[PDB]
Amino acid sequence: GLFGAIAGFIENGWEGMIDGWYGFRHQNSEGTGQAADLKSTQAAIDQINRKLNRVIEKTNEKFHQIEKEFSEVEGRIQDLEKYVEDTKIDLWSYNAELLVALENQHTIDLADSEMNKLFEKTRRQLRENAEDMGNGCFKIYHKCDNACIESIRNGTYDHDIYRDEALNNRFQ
């Protein structure tokens, strides 16, 4: 992934996460916890479903066409008929091969991006109250009980209420 979050600065995945594609895992005075980020997850699923639909709900009809198997040897005309159908097939087998290639490459980068987006969204929220430990984890330099963690996950974290307690720890 061009963003290097998934399978990058973020070592592993969590087979423990059942309710989402991305989520938080904390450890504070109250112990540990886990929870999926509904806004992030849905963001990528919606994008991938749309992409998928662009590719599935579409087929066109063709009724009368040209023969494709023959019983007797004919020659010139039959040669052409077979070359045309073959040409068609080779070309189409080509787009099919590329499509998936392209689609999938973009699909993994998209998923990587949306992970990275969730990190930035979180780093920006904590402002001067934590530090990026480089492994997808933030070190919140201030007491942050279950409630405080929650406020961060639903994006209502008030960095001001703690800036002093943290500024201290961080720079002492």
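Each residue number is its position in the shown sequence, starting from 1.
Legend entry - Selected stretch [higher average CA B-factor]: 118 to 126 or 52 to 60: Higher mean C-alpha B-factor: 52 to 60.
Inset, instruction - Report the stretch with the higher mean CA temperature factor, choosing between 105 to 113 and 25 to 33 on the basis of the entry. - result: Averaging CA B-factors over each stretch, the winner is 25 to 33.
Legend entry - Among modelled residues of the same chain, the CA temperature factor third for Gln47: As the PDB entry reports it, the C-alpha B-factor of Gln47 lands in the middle third of its chain.
Legend entry - Chain thirds of CA B-factor: placement of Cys144: For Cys144, the deposited C-alpha B-factor lands in the highest third.
Legend entry - Within-chain third of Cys137 by Cα B-factor, per the entry: Tercile = middle for this residue's CA B-factor.
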